[PDB]
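*Asks:* First the structure, which I've put down as structure tokens, then a few questions once you've had a look.
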Amino acid sequence: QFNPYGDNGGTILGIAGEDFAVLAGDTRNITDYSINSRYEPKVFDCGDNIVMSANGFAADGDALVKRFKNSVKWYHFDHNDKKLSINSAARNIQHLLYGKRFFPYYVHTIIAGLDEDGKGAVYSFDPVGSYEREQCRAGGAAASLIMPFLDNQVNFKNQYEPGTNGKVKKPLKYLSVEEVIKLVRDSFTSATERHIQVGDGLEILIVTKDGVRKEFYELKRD
Amino acid sequence: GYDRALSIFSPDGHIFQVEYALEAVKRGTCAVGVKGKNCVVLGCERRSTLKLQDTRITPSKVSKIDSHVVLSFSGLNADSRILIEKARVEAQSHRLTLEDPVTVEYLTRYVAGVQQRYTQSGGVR
Amino acid sequence: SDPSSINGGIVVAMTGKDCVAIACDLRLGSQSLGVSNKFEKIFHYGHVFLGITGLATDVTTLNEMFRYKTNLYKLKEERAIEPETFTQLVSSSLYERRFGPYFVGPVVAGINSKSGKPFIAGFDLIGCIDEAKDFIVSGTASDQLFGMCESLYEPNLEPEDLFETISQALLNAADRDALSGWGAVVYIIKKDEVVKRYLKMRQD
Amino acid sequence: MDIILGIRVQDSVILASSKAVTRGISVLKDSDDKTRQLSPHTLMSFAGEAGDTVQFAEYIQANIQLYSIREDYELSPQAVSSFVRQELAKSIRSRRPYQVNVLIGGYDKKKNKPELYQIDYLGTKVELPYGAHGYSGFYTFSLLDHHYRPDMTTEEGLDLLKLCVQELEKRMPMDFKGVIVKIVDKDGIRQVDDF
Amino acid sequence: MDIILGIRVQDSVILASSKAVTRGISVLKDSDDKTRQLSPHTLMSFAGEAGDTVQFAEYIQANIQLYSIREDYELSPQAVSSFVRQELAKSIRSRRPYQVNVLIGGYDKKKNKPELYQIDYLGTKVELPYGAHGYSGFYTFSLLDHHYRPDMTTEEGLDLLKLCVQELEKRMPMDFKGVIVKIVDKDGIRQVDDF
Amino acid sequence: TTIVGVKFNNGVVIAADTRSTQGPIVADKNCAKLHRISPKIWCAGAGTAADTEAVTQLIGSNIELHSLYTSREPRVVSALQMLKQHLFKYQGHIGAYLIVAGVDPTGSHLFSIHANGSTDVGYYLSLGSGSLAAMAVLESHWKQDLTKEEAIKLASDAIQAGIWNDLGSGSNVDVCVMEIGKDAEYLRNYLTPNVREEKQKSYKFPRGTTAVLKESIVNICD
Amino acid sequence: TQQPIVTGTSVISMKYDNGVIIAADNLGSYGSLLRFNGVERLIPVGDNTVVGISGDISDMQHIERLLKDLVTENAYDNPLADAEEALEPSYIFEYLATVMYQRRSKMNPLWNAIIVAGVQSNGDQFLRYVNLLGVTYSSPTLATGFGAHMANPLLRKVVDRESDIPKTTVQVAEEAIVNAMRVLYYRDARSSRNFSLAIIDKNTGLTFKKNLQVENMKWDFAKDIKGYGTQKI
Amino acid sequence: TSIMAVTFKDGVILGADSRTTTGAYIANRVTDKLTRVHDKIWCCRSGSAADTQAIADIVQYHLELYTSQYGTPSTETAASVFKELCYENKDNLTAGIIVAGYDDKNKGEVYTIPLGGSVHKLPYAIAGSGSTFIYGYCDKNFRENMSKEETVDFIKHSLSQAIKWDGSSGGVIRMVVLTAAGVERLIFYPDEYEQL
Amino acid sequence: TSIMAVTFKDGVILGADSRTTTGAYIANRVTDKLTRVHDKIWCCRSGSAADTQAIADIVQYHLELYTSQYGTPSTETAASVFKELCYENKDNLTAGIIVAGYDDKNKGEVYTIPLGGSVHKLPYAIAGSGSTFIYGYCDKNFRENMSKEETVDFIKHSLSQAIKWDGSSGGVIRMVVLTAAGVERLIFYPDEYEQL
Amino acid sequence: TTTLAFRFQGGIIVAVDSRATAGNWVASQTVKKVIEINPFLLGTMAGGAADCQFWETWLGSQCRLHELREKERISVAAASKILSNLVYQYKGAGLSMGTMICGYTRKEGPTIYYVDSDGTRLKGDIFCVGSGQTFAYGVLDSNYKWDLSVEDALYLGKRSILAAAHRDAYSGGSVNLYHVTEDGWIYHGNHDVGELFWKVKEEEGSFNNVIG
Ligand SMILES: [Mg+2]
Ligand SMILES: [Mg+2]
Ligand SMILES: [Mg+2]
Ligand SMILES: [Mg+2]
């Protein structure tokens, strides 16, 4: 029987600062035990200061990103070049996904940018459109390796104030872009060590009120 | 299907077919409604050029739409049957979906909407 | 109907400077229903520590079996079994049930009493020995533990530091797993003292 | 759903319907009325697939209420039961059939006779002195075969019903949380409040 | 089978076990005692696959009674529970396993402490302040998590049990026909006759 | 796994990668896939890790007893025969795929064994998930009349093809050289081309971060 | 839902400094039967693109018709059809990729793996892959089927990353490809000896070589191989 | 596999391709499918490599023991030992074997043992997946009492065709000649046989 | 089925056996599998009898209509109409068809259309279950530009062998000759072809 | 999930956990399972996250359209029936929803409707929904009285979710509380089980099964 889905591996990661947000993902693309490409980017600038990644089955991911990019274009045409806010983008993507509820896009989706007060924002979606705003989210093959690390190092979960008798929590606070990138780089190298589908290269898109910047780092190629 | 725009504007801004519909109403037997402090009464003329009428069975002029709302009319009797049936169907559908019978205003607004629709749909008068 | 994830639970071991640490959660459930918050997964035979995740009946059975075998070992050999040797015994015993295995992910931790070396090892259900310098993980939250350990870990941690690292690896892995948590226990193990600490963690 | 019973006596039809609504291992409700008044002298009880039951019952009710308003006349129980049967008989060959079984209890004002109809989801209609749907029948039909007489009073029918419910409470594996009992006679429909 | 519960209080273990035996759509019995006295201060309740339950219970009982006669000594609850666990742990890899879950309530005369053990058919043993097998746990564990204190009297434990049974009678889909309750303390085993 | 074997002038060389997997997860980054059967007969193994280890040890044990009994250095064809007949008896259920090589009084030998019990003879062989990447290299660069230094290079190149291109293989290259008239040399971690880069940050926690409920000293003594 | 009947095996390809090479054998298999031996699976589109196709041949012939019809349609009312408005490799690819994904979404795929190789009007090398699932990806080397398992590792020793492309000449690249085709003939049981190779260079344009053969094969060592273990003669 | 054995004037010749396959991957392109079970009793192997090796090893052992006790076994005897193994274990074996040997009384003999473990004595035999494609060719071109050179040509041309059409078959063509003179191994490479 | 079509000096010849089978029962031992879709464009049918008849009837209809509007269709055109039907309905058809015709420009042409509905222009073509057994024979014996008599012999010998080994094939050997001279039907009975 | 809603003397309590799972993977601990449809209407979510989320915000749109067309806030009965009639259309297609429509209107008083994906619609005083529903019921039923003070009511709802968060592996994260009165709904905060469990254990002396 024809199976209309496949699995292209990779893993992605979004983090939100006070006045920035990063969306990262590895550049390896796989099927089964073969490497298709060591550099196939899956994190895209969609305009209006929104970056997006749809990870899992790449055909579905590309189709979604294409449709959303197109949705931005028409939003301008129909609403007098109004800037599409990240919250509005998120809701639009829900309808894109849920519209194929009974033949889903096999992707975990993450978008990042700034909310309307200029604060860093990350939204993540399940394959059929359930979405949630978060400070922190990993998606894809190594989500399960990276996510609890982020709970610990980004939201300081399970960390208490020394000498307080486990009574006072380590206090929540925003991270600098420099710290956030260290956590991303360490997240992906750790994931690369222990997950066969993760490797080759790491491409990060950083988003501030000044636009979208990129950074790229090599990963282990085995 | 038959498509012709029968209800159209004339140069003076009148829709003649709608206005001629009013003429058919004006020829119709008289109907009156008066509302009291605590009741509403609907009265209706029946033209008296008809004896040998069987009044047991001849369609009465005040129709129940639901158990709490009535409708009477003046104009073409055959046309009125179409509106009454539609109204009755909507009344049951409203009870089914909203779990409440129609307000008089709602039922009125529905019947009005049906009437209006027939003034800008092709193929109908 | 996947025996290794009916009961839930996790075990992690870690080497530091002249010490090892081994830790586990306390949950025993029947799928969604948590049943006991007192189900420890770490046992010791002399100075050799064994943690076992997986199907709880097999966990109990293997503990009872390895107590049995290490007791006879001691009586005949007139000395306590060492970690390197116990590891081999664990492997032999699991592979002996090659076509009807115990559904477990055992982990061995200890310090060789002659050489003073810290030693850890893990096994698949069928006896394969996975030896490591750094850390071993096991259980329903093994992916999470792998991710925690691979980033948190650094070599040559001092006992009190290693405690923080291994505890934070376990706690955050457990909280991303439905079937693990409900309490934790951490063993810090040096040449000749062993400290056992019960961690405070979220109880959902 | 599960338990719905009906007994036709001298001058009335009595319908008894279990109050429990059960999903999984939880009794979500213990006061569910598994019935719809179709007309002032016609009552329909129902049981079957969740959702389908009420959707069907209410759809029938809407149709019968529509008929009443249009003709300013109450359809006879026999006429209603035939309408209902045909709806189910259509349904059984649809894409997704209504999995609902019904009892229809009515008082025919023209005949001055009570009438009980048992119809299953396939559209199998039958008029009966007493009826049941589901596993209830396996206990009550034999009990009623014994204790039932055609000329019983409404009071005697209720006691006969008490016998049936007591037997079901003894031997049925599931707690159905008692029954709501309703009487259809010349004066319409009323609910017995303490059963 | 279905409902078996156990609570360990200050100076006793209390076991409550449903009385219904159900096959198909018939409650065949409403007074079934789902328990065996293993020794004068050890009681085992059981639930699971028909036939297997009693066969297992009685086999364990025979073994423990044999041990008592041989050594003229009563095995401790912990010792009995381990024997039982091992028997089930063997059984799970047999040609046809015993599909029986048990609670073992005993008073250890050497420790002067009551002890409750919960063992499932796989041979999964656990000591508990309170335990249940089957769907009962899904209601009672949370209820007991709230209302249970470690120093309760035998009287307080019974009231706590009354709470559990009332909840099960409200939300359980099946009629289990009440429970037989038994107390294991320093003076042995006795049955509470009106519950 | 990737494993290989290559004959040369005066002996035979085998090599292997060092990755062990449980699905997509890397369980062991530096596991030893070269197994000693006797001092001068070594086995490279792919398949079920426990099975390759167990079957290699059992036959290795029986070979030692045989060698003692016969007062002779053991031969490769004996290890080959014992391994094949064992694997065949188990009808494939022992998932051991082996490249058996060594030197003995007869000469130098190179064979492979499939889990079902069939055996090969050749001058160059490769097995495991990465065997096609390896065999591509061997088919490109192998020639008749290799020096020891050429065969080592060819073997480790073949393993590298697997490390880089097969997701089932990675980490390091182990080699073992069996030359006539000399001791076998086991070159554990002959190549280490996948050393983890420095982490960006140290995650050593402030002491007292972890909330504790109880402590107790554990008695390990008598 | 489908099952491929007459199939073509690997299509292999790589970028070099001035262009791209692509190759594919001339076999149409029918299960294990090597049924047809003059099958061309590299289909040139214009003089700047070659589309190499593996998988079901009946679906490949369909795609031939689509591409040949595409050229026609582009010429319509287009005075710059053989200049600025000529079909690019990127246009041809996106078209096929759109079709492949639509067909998989309608649960009726074109049972193929495709590599579009060519040079864009600005001189840039184009090399991208699409298959029956509509999955796409780009890499300095690309191959289908066995080629992915056996050719890619060999071609990647020549071009392992982007920076290697300017350093790779057409002679070196063609050698690697021709070598890869020999390996596949050794090891793939559904390959043939005869193949076609095409080069698309930004200066010399499109060279299309037909009726190539695998040569310089090593077989002599076979005579030394006796038995399967212990047999001597 | 493509395999065959042909009786001729002076004895018998066994022929085979050299391809071992797992699916479409060629695990071995230089396999030896012509196996010695006795000095001048050999067999051609097709089917499961593991099965046919295990069978040949057992048969070799049986005939070695036979020899020690009763002298040189007949080719018929060798074929019977194969049959016994193949017939009695038919449920667990995938083995199509051709047995071929040279007596001095009986000269060249060929026995084929298909899947069910039946035995068939023939002037020549073809088997393996590749054989289907040359039933036509072989039936038309085989003659009785050919010379050694004619027989070598018959096998070379036949297997060349089997290899041409069967993707499962390929590599070198190996042959083994069995006469009073002794035992001769022949090999023919692709560049020779492909363009016949 | 065993069927084939062969181009030669003066045109093309189509050949076929005459066996229609339901399992092992021969429903028809005198079938005609050589079917006219136009004066000098015929086809050989193999696979489902119902499918290939329904296809040929449709093609004949299409070419009759083609002729009325645009004159004599080319053999390539006829093969395309077959392909279109076979390709677009691949999920519901079991049809292996060989198309063969004679133009005056193009002389003899042969197109084969296997299961998937691909098209392959060849000097000659063989198909049907029986064809497997003569790939070897036909590849070795076919030459280009044979005479009519040589071609008739090539087909007679080839199908004789296909029929010999394929139980599904049998009966008479029917042939249809397609030249500038016209259309000639040949038949050859068992007693002639069996002992070739 | 665990969610509950109950009626009492002082209106309606609504409490929900905040965990979302993909099998045994804990996907999120911070999921909003109550949707505020209007100042007098709440909806709870359990089952498929997307299904509930999508169709309950869709429900909000339909309720808004009702008050534009009818110049009157929609009844709880009518709002719940829009959703139940919607999911009934999709019956068999695989929607997974267990929901509760909770609200006050003048004509109805405080009202709770249970609506699920197989088309069941029930008016009632008490419901718990989700994989932890049984655990919630056990606590809720045994302590429920119609007379509870707003304060006791709020705590019982909070305590009932906590109980399910503890025992049910697939419930947890935090508790979200709501009180619905004649004046509309009032939020009563997010309560992390991380701290709520230990605080309740200490102050109440319950959860003795747990190593303190
Ligand atoms: Mg690798
Ligand atoms: Mg058909
Ligand atoms: Mg025949
Ligand atoms: Mg929980």
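Convention: chains lettered A, B, ... in structure tokens order; per-chain residue numbering from 1; ligands numbered from 1 as shown.
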Please report as a PyMOL selection string which residues of chain G come no farther than 8 Å from chain A, using only C-alpha atoms.

*Replies:* chain G and resi 1-2+101+104-105+107+133-139+142+148-149

*Asks:* Filtering to N, CA, C and O atoms, could you give me those residues as a PDB file, in the first residue's frame?

*Replies:*
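Now in again_13.pdb:
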```
ATOM      1  N   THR G   1      -3.452   4.827  -5.478  1.00  0.00           N
ATOM      2  CA  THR G   1      -2.581   3.734  -4.958  1.00  0.00           C
ATOM      3  C   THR G   1      -2.158   2.853  -6.121  1.00  0.00           C
ATOM      4  O   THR G   1      -2.960   2.506  -6.989  1.00  0.00           O
ATOM      5  N   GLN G   2      -0.887   2.482  -6.100  1.00  0.00           N
ATOM      6  CA  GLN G   2      -0.190   2.007  -7.273  1.00  0.00           C
ATOM      7  C   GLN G   2       0.826   0.963  -6.852  1.00  0.00           C
ATOM      8  O   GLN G   2       1.114   0.805  -5.666  1.00  0.00           O
ATOM      9  N   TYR G 101       3.787  16.404  -5.539  1.00  0.00           N
ATOM     10  CA  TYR G 101       3.117  16.567  -4.245  1.00  0.00           C
ATOM     11  C   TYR G 101       1.592  16.564  -4.355  1.00  0.00           C
ATOM     12  O   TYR G 101       0.906  16.089  -3.447  1.00  0.00           O
ATOM     13  N   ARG G 104       0.609  12.844  -4.786  1.00  0.00           N
ATOM     14  CA  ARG G 104       0.686  12.109  -3.516  1.00  0.00           C
ATOM     15  C   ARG G 104      -0.464  12.513  -2.601  1.00  0.00           C
ATOM     16  O   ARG G 104      -0.978  11.685  -1.846  1.00  0.00           O
ATOM     17  N   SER G 105      -0.866  13.780  -2.677  1.00  0.00           N
ATOM     18  CA  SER G 105      -1.966  14.297  -1.864  1.00  0.00           C
ATOM     19  C   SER G 105      -3.319  13.756  -2.328  1.00  0.00           C
ATOM     20  O   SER G 105      -4.267  13.703  -1.548  1.00  0.00           O
ATOM     21  N   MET G 107      -3.489  10.671  -3.295  1.00  0.00           N
ATOM     22  CA  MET G 107      -3.276   9.236  -3.066  1.00  0.00           C
ATOM     23  C   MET G 107      -3.109   8.445  -4.364  1.00  0.00           C
ATOM     24  O   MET G 107      -3.501   7.284  -4.452  1.00  0.00           O
ATOM     25  N   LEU G 133       6.623  11.269  -2.946  1.00  0.00           N
ATOM     26  CA  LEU G 133       5.995  11.903  -1.780  1.00  0.00           C
ATOM     27  C   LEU G 133       5.984  13.429  -1.877  1.00  0.00           C
ATOM     28  O   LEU G 133       5.421  14.105  -1.014  1.00  0.00           O
ATOM     29  N   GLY G 134       6.617  13.970  -2.916  1.00  0.00           N
ATOM     30  CA  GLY G 134       6.771  15.413  -3.060  1.00  0.00           C
ATOM     31  C   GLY G 134       7.881  15.975  -2.185  1.00  0.00           C
ATOM     32  O   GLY G 134       8.027  17.192  -2.069  1.00  0.00           O
ATOM     33  N   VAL G 135       8.661  15.087  -1.568  1.00  0.00           N
ATOM     34  CA  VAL G 135       9.814  15.484  -0.766  1.00  0.00           C
ATOM     35  C   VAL G 135      10.883  16.045  -1.684  1.00  0.00           C
ATOM     36  O   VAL G 135      11.172  15.460  -2.726  1.00  0.00           O
ATOM     37  N   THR G 136      11.467  17.172  -1.290  1.00  0.00           N
ATOM     38  CA  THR G 136      12.525  17.803  -2.068  1.00  0.00           C
ATOM     39  C   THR G 136      13.738  18.112  -1.202  1.00  0.00           C
ATOM     40  O   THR G 136      13.611  18.343   0.000  1.00  0.00           O
ATOM     41  N   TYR G 137      14.910  18.107  -1.829  1.00  0.00           N
ATOM     42  CA  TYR G 137      16.142  18.531  -1.174  1.00  0.00           C
ATOM     43  C   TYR G 137      17.270  18.745  -2.178  1.00  0.00           C
ATOM     44  O   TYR G 137      17.266  18.167  -3.270  1.00  0.00           O
ATOM     45  N   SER G 138      18.230  19.581  -1.782  1.00  0.00           N
ATOM     46  CA  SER G 138      19.383  19.929  -2.608  1.00  0.00           C
ATOM     47  C   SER G 138      20.669  19.559  -1.880  1.00  0.00           C
ATOM     48  O   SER G 138      20.751  19.649  -0.654  1.00  0.00           O
ATOM     49  N   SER G 139      21.677  19.164  -2.650  1.00  0.00           N
ATOM     50  CA  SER G 139      22.970  18.780  -2.099  1.00  0.00           C
ATOM     51  C   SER G 139      24.003  18.806  -3.226  1.00  0.00           C
ATOM     52  O   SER G 139      23.641  18.611  -4.391  1.00  0.00           O
ATOM     53  N   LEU G 142      23.749  14.295  -5.487  1.00  0.00           N
ATOM     54  CA  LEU G 142      22.425  13.707  -5.313  1.00  0.00           C
ATOM     55  C   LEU G 142      22.331  12.400  -6.077  1.00  0.00           C
ATOM     56  O   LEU G 142      22.840  12.286  -7.192  1.00  0.00           O
ATOM     57  N   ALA G 148      21.969   6.420  -3.785  1.00  0.00           N
ATOM     58  CA  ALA G 148      22.028   7.131  -2.507  1.00  0.00           C
ATOM     59  C   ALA G 148      22.942   6.414  -1.511  1.00  0.00           C
ATOM     60  O   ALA G 148      23.684   7.050  -0.763  1.00  0.00           O
ATOM     61  N   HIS G 149      22.888   5.086  -1.520  1.00  0.00           N
ATOM     62  CA  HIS G 149      23.664   4.274  -0.586  1.00  0.00           C
ATOM     63  C   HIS G 149      25.121   4.075  -1.013  1.00  0.00           C
ATOM     64  O   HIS G 149      26.005   4.011  -0.156  1.00  0.00           O
TER      65      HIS G 149
END
```

*Asks:* Please return as a PyMOL selection string the residues found within 10 Å of ligand 4, counting only C-alpha atoms and all ligand atoms.

*Replies:* (chain C and resi 32-34+175+177-182+202-204) or (chain J and resi 1-2+17+19+132+162-173+193)

*Asks:* Could the residues in this selection be saved with N, CA, C and O atoms as a CSV table (one decimal), in the first residue's frame?

*Replies:*
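What landed in result-v2.csv:
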```csv
chain,number,residue,atom,x,y,z
C,32,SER,N,-1.8,4.7,33.7
C,32,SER,CA,-2.1,6.1,34.1
C,32,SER,C,-2.2,6.2,35.6
C,32,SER,O,-1.8,7.2,36.2
C,33,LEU,N,-2.7,5.2,36.3
C,33,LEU,CA,-2.9,5.1,37.7
C,33,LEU,C,-1.5,4.9,38.5
C,33,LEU,O,-0.9,3.9,38.4
C,34,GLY,N,-1.1,6.0,39.2
C,34,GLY,CA,0.0,5.8,40.1
C,34,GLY,C,-0.5,5.0,41.3
C,34,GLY,O,-1.6,5.2,41.8
C,175,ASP,N,10.1,15.1,35.0
C,175,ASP,CA,9.0,16.0,34.8
C,175,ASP,C,8.5,16.1,33.4
C,175,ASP,O,7.4,16.6,33.2
C,177,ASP,N,8.2,13.3,31.7
C,177,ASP,CA,7.7,11.9,31.5
C,177,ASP,C,6.5,11.6,32.5
C,177,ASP,O,6.6,11.8,33.7
C,178,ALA,N,5.4,11.2,31.9
C,178,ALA,CA,4.1,10.9,32.6
C,178,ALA,C,4.3,9.8,33.6
C,178,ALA,O,3.8,9.8,34.7
C,179,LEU,N,5.1,8.8,33.2
C,179,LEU,CA,5.3,7.6,34.0
C,179,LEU,C,6.4,7.5,35.0
C,179,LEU,O,6.6,6.6,35.7
C,180,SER,N,7.2,8.6,35.0
C,180,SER,CA,8.3,8.8,36.0
C,180,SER,C,8.1,9.9,36.9
C,180,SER,O,7.5,10.9,36.6
C,181,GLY,N,8.6,9.8,38.2
C,181,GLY,CA,8.7,10.9,39.2
C,181,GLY,C,8.2,10.4,40.5
C,181,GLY,O,8.6,9.4,41.0
C,182,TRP,N,7.3,11.2,41.1
C,182,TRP,CA,6.6,10.9,42.4
C,182,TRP,C,7.6,10.7,43.5
C,182,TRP,O,7.3,10.0,44.5
C,202,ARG,N,8.1,17.7,42.2
C,202,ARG,CA,6.7,17.9,42.0
C,202,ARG,C,6.0,16.5,42.0
C,202,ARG,O,6.5,15.5,41.5
C,203,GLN,N,4.8,16.4,42.6
C,203,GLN,CA,4.1,15.2,42.8
C,203,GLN,C,2.9,15.0,41.9
C,203,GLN,O,1.9,14.5,42.3
C,204,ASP,N,3.1,15.4,40.6
C,204,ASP,CA,2.0,15.2,39.6
C,204,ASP,C,2.6,14.4,38.4
C,204,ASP,O,1.9,14.2,37.4
J,1,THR,N,-5.7,14.9,30.5
J,1,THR,CA,-6.6,15.8,31.3
J,1,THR,C,-7.5,15.4,32.5
J,1,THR,O,-8.1,14.4,32.5
J,2,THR,N,-7.6,16.3,33.5
J,2,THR,CA,-8.7,16.4,34.4
J,2,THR,C,-9.4,17.8,34.3
J,2,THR,O,-8.7,18.8,34.4
J,17,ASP,N,-6.9,21.1,35.1
J,17,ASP,CA,-5.5,21.0,35.1
J,17,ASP,C,-4.9,21.7,33.9
J,17,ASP,O,-5.7,22.4,33.2
J,19,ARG,N,-2.1,20.0,31.8
J,19,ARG,CA,-1.1,19.2,31.1
J,19,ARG,C,-1.6,18.7,29.8
J,19,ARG,O,-2.8,18.5,29.6
J,132,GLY,N,-8.4,11.9,34.2
J,132,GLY,CA,-8.4,12.0,35.7
J,132,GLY,C,-9.7,12.2,36.3
J,132,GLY,O,-9.8,12.4,37.5
J,162,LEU,N,-6.2,18.8,42.1
J,162,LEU,CA,-4.9,18.4,42.8
J,162,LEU,C,-4.8,16.9,43.0
J,162,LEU,O,-3.8,16.3,42.7
J,163,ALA,N,-5.9,16.3,43.5
J,163,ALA,CA,-6.0,14.9,43.7
J,163,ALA,C,-5.8,14.1,42.4
J,163,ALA,O,-5.1,13.1,42.4
J,164,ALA,N,-6.5,14.5,41.4
J,164,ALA,CA,-6.3,13.9,40.1
J,164,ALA,C,-4.9,14.1,39.5
J,164,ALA,O,-4.3,13.2,38.9
J,165,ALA,N,-4.4,15.4,39.6
J,165,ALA,CA,-3.0,15.7,39.2
J,165,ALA,C,-2.0,14.7,39.8
J,165,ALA,O,-1.1,14.3,39.2
J,166,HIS,N,-2.3,14.4,41.1
J,166,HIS,CA,-1.4,13.5,41.8
J,166,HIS,C,-1.4,12.1,41.3
J,166,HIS,O,-0.4,11.5,40.9
J,167,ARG,N,-2.6,11.5,41.2
J,167,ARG,CA,-2.7,10.1,40.9
J,167,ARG,C,-2.7,9.8,39.4
J,167,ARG,O,-2.0,8.8,39.0
J,168,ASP,N,-3.3,10.6,38.6
J,168,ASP,CA,-3.4,10.4,37.1
J,168,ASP,C,-2.1,10.9,36.5
J,168,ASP,O,-1.7,12.1,36.6
J,169,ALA,N,-1.3,10.0,35.9
J,169,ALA,CA,-0.1,10.3,35.2
J,169,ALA,C,-0.2,11.4,34.1
J,169,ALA,O,0.7,12.2,33.9
J,170,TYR,N,-1.4,11.4,33.5
J,170,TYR,CA,-1.7,12.3,32.4
J,170,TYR,C,-2.4,13.6,32.8
J,170,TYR,O,-2.8,14.3,31.9
J,171,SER,N,-2.5,13.8,34.1
J,171,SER,CA,-3.0,15.1,34.6
J,171,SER,C,-1.9,15.8,35.4
J,171,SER,O,-1.0,15.1,35.9
J,172,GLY,N,-1.9,17.1,35.4
J,172,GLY,CA,-0.9,17.9,36.2
J,172,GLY,C,-0.6,19.3,35.7
J,172,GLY,O,-1.4,19.9,35.0
J,173,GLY,N,0.6,19.8,36.0
J,173,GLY,CA,1.0,21.1,35.7
J,173,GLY,C,0.5,22.1,36.7
J,173,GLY,O,1.3,22.4,37.7
J,193,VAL,N,1.0,23.0,40.7
J,193,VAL,CA,0.9,21.8,41.6
J,193,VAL,C,2.3,21.6,42.3
J,193,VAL,O,2.3,21.1,43.4
```

*Asks:* Counting only C-alpha atoms, what is within 10 Å of residue 141 of chain G, bar same-chain residues fewer than 5 positions away, as a PyMOL selection string?

*Replies:* (chain A and resi 36-37) or (chain G and resi 12-16+20-22+127-128+148+151-156+158-161)

*Asks:* Throw together the list of residues within 8 Å of ligand 3, counting only C-alpha atoms and all ligand atoms, and drop it here as a list in words.

*Replies:* residues 162, 163, 164, 165, 166, 167, 168, 169, 170 and 171 of chain I

*Asks:* Going by DSSP on the backbone, which residues of segment 99-140 of chain J come out as alpha helix (DSSP H)? List them as an NGL selection string.

*Replies:* :J and (133-140)

*Asks:* Using DSSP on the backbone coordinates, identify all residues within segment 23-152 of chain F classified as strand (DSSP E); present the result as JSON, numbers by chain.

*Replies:* {"F": [25, 26, 27, 28, 34, 35, 36, 37, 38, 41, 42, 43, 44, 45, 46, 47, 96, 97, 98, 99, 100, 101, 102, 103, 104, 107, 108, 109, 110, 111, 112, 113, 119, 120, 121, 124, 125, 126, 127]}

*Asks:* Quick one: residues within 8 Å of residue 134 of chain A, only C-alpha atoms counted, chain neighbours fewer than 4 positions away excluded, as number ranges by chain?

*Replies:* A: 16, 121-124

*Asks:* With only C-alpha atoms as the counted atoms, please give the residues lying no more than 8 Å from segment 35-45 of chain H, apart from itself and same-chain residues fewer than 6 positions off, as a VMD selection string.

*Replies:* (chain G and resid 227 231) or (chain H and resid 3 to 5 14 to 16 52 to 53 56 to 57 59 to 60 63 to 64 75 78 95 to 103 178 182 to 183)
